[PDB]
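All remarks here apply to the structure that follows.
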2 protein chains.
Amino acid sequence: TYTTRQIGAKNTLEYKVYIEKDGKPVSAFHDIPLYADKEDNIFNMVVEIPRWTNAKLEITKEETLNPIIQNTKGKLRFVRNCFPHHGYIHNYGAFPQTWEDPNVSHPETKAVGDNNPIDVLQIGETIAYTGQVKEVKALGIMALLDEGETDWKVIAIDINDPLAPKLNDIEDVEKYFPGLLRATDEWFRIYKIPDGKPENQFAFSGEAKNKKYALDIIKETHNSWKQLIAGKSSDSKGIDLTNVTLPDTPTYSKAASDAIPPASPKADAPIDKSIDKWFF
Amino acid sequence: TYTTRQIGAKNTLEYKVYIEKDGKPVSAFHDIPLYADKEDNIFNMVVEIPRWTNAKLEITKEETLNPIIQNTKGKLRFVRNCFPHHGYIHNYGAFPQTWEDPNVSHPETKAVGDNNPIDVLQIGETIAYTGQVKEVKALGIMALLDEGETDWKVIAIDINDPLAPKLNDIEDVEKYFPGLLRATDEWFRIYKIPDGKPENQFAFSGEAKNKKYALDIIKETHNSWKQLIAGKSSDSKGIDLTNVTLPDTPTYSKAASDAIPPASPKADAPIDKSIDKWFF
């Protein structure tokens with residue numbers, strides 16, 4: 001996408017993240033393709049959860065979509081610091097341009113699909129870029145069945161980062177990052193534990209596929225989101241489609257950019273000392 | 001001790017940390033007792049390595065002692081981010097007022113003793129205070145024999161922090177923080193690995209004692225440092241003893257406080273992206 005605007009905050013509850021594309025705002029999940037960068041190579045992705053971070057920000061329902069500190073009980077959602085590890089490790093992306101239809105769950109995914117786009121986790125040597133739009137190639141794919149919701153795990157890396165031609169499938173890692181697998185598997189369950197959510201239960205007995213399953217899963221991810229733009233296609237379009245990158249959608253308001261107020265970066269808001277808590 | 005002055009930096013190489021006691025500077029390892037706070041309870045300690053931190057700062061040879069980013073090869077010493085875990089986890093203290101005499105190693109400590117004071121690691125819910133002088137009670141004690149050097153591990157916690165009357169011995173943790181033990185054991189070895197230092201090899205086959213061994217080990221720690229102040233006592237006094245808290249030492253220059261230039265906190269200096277590296 002390019003650069004983004006920092007809406008001063010980081011927790012408070014006003015920190016509005018807005019990524020900008022070239023010369024003007026943008027829109028993740030919409031104004032963010034994917035199969036870009038050597039169609040026969042990989043694609044770009046967005047970030048909204050740097051490693052070692054108890055914070056969790058998303059992007060949906062706002063206009064152009066943007067990460068945030070999800071709420072629910074009037075307050076920022078801080079992910080527990082599970083004993084093993086720290087806060088949030090893996091980074092997190094969200095191959096924007098896709099949508100996990102709640103219904104349609106393909107074979108081997110009863111929990112059908114969900115709302116939020118797709119979850120992507122890249123093990124890039126460098127930290128995250130809370131909205132940092134960097135490239136990366138898909139490796140393996142992980143699936144997690146939680147609260148009747150078809151969840152999947154994508155493996156992407158900074159194609160530009162070292163270990164490029166080194167990682168091109170699941171097998172690898174084990175040799176390079178032999179401990180990133182099972183390390184991710186659980187960490188997810190307990191992720192809900194200290195919060196009111198016991199375990200989850202990974203799909204496929206608990207095994208993940210390779211890029212083959214990723215590319216496909218990632219492919220049928222955009223299409224499901226593409227065949228949606230159409231207009232009414234989806235019988236349930238609860239979100240902002242508006243896209244100035246598709247003059248073929250009754251939502252091409254290329255004027256929804258200037259409207260976006262200029263960035264207002266303030267300062268990282270202090271986080272309750274409750275976080276940094278190793279929940280065993 | 002009280003408050004301290006931040007010598008702007010955090011890495012650059014000018015970040016000079018200087019803790020202040022009440023109304024005036026101080027001196028760790030010297031102007032920092034220990035058996036203070038219910039002689040029949042615990043004692044205070046200093047910090048210089050917050051959890052999840054690849055940075056390593058000490059305090060010795062400067063005047064009043066102060067943490068730093070040890071060098072050796074013209075450059076800040078950044079601890080690897082070993083795969084398992086992150087950067088630096090445990091915090092780290094240094095029951096100032098003691099000294100591990102290079103010679104004299106008691107029975108069960110061939111590698112005799114070393115220089116640096118004593119290493120202390122407290123699992124306080126709250127983060128560290130790079131120099132934060134907080135209380136805490138001693139629990140267990142760990143020893144590590146590396147490069148012919150009698151190293152020990154102290155277990156202290158924010159007596160004020162939760163899990164107080166809960167933790168009072170090694171056994172515990174296992175139930176409270178069942179995973180903090182072995183978690184510390186190694187993490188140390190590989191600590192040198194990605195740097196040029198293979199493994200280490202914990203002492204006592206690799207087992208640690210309880211508070212009993214800690215209190216004693218911690219006790220004979222100060223004495224060894226006390227019987228030193230005397231003056232020449234130690235045949236090798238390579239450091240600054242100057243102490244304005246002991247008008248009984250040819251180094252009681254209570255005037256070494258005003259001299260200390262006022263704090264000059266600047267801003268956290270950017271750290272090479274080389275750090276945040278999970279070395280498997």
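Observations, loosely collected:
- Centroid-to-centroid separation of the range A:102-177 and the range B:71-114 [C-alpha atoms, Å]: 39 Å
- The mean sequence separation of alpha-carbon pairs under 8 Å and at least six residues apart, normalised by the residue count of the range B:208-280, gives a relative contact order of 14 percent.
- Each residue of the range B:26-36 was assigned a 3J(HN,Hα) from its phi angle through the Karplus curve 6.51 cos²θ - 1.76 cosθ + 1.60 (θ = phi - 60°); the sequence is 7, 5, 6, 6, 10, 7, 9, x, 5, 4, 10 Hz, with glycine and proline shown as x.
- Spread over its residues, the convex hull of the C-alpha atoms of the range B:33-142 is 146 Å³ per residue.
- A straight line joining the Cα centroids of the range B:216-280 and the range A:196-228 runs 55 Å.
- Value of Rg to Rh for the range A:126-247 (Rh from inverse mean 1/r over Cα pairs, i.e. Kirkwood): 1.01
- Karplus-derived 3J(HN,Hα) values for the range B:232-249, using 6.51 cos²θ - 1.76 cosθ + 1.60 with θ = phi - 60°, are 8, 2, 5, 6, 9, 9, x, 3, 9, 8, 2, 8, 8, 10, 8, x, 10, 8 Hz; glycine and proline are entered as x.
- Under 5 Å, built H, 5+ apart or other chain: amide partners of A:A156: A:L121, A:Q122, A:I123, A:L139
- Couplings 3J(HN,Hα) of the range A:12-17, computed from phi: 2, 2, 10, 4, 9, 8 Hz, in residue order, whole Hz [Karplus 6.51 cos²θ - 1.76 cosθ + 1.60, θ = phi - 60°; x for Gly and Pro].
- Convex hull volume per residue for chain B, taking Cα atoms only, in Å³: 132 Å³
- In chain B, a dipole from Cβ-located charges (positive for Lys and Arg, negative for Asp and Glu) runs towards its positive end, and of B:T72, B:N44, B:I19 it is B:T72 whose Cα lies farthest in that direction.
- Point-charge dipole on Cβ atoms (K/R +1, D/E -1) for chain B, about Cα centre, debye to 20: 660 debye
- The charge dipole of the range A:48-154, taken about its Cα centre with unit charges on the Cβ atoms of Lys, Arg (+1), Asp and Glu (-1) only, comes to about 480 debye.
- Between copies, B:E63 shows label-point distances of 5.5 nm, shortest first, with the point placed 7 angstrom from Cα along Cα to C-beta.
- Remark: for residue pairs B:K16/B:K254; A:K166/B:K56; A:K192/B:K137; A:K73/A:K110, the C-alpha separation exceeds 26 Å in A:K166/B:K56; A:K192/B:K137; A:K73/A:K110.
- Residues whose placed amide H lies under 5 Å from that of B:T4, excluding near-sequence neighbours: B:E20
- For the range A:21-113, the set of GluC sites (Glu not before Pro) satisfying both a DSSP loop assignment and a count of at most 15 other C-beta atoms within 10 Å is given as A:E39, A:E62, A:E108.
- The calculated P(r) of the range B:1-83, using every Cα pair and 10 Å bins from 0, goes 16, 43, 29, 11, 1 in percent.
- Sequence-separation-based contact order of chain A, relative, with Cα cut under 8 Å and 6+ spacing, percent: 23 percent
- The range B:118-165, dipole about Cα centre (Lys/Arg Cβ +1, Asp/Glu Cβ -1), debye to the nearest 20: 240 debye
- Residue pairs, from the table A:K134/A:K266; A:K61/A:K232; B:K61/B:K226; A:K61/A:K211; B:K153/B:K175; A:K197/A:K232, whose Cα atoms sit over 26 Å apart: A:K61/A:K211; A:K197/A:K232
- Legend: mean number of C-beta atoms from other chains within 10 angstrom of residue C-beta atoms, peptide A:87-93, equals 1.
- For B:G87, the amide hydrogen comes within under 5 Å of the amide hydrogens of B:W52, B:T53, counting only partners 5 or more places away or on other chains and with H modelled in the peptide plane.
- Isotropic mean projected area of the C-alpha convex hull, the protein assembly as shown (nm²): 28.3 nm²
- Across the identical copies, the label point of B:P261 (7 Å from Cα in the Cβ direction) is separated from its matches by 4.3 nm, in order from shortest.
- For the segment A:274-280, counting C-beta atoms of other chains within 10 Å of every residue's C-beta and taking the mean gives 4.
- Neighbour-limited loop hits for trypsin sites (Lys or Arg not before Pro), the range B:100-149 (at most 14 other Cβ within 10 Å; DSSP other than H, G, I, E, B): B:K110
Taken together, the values in this text are just the output of simple stated rules run on the coordinates, not laboratory data. For neighbour counting, all protein chains shown are included, and Cβ atoms are generated from backbone atoms with ideal geometry for every residue, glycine included.
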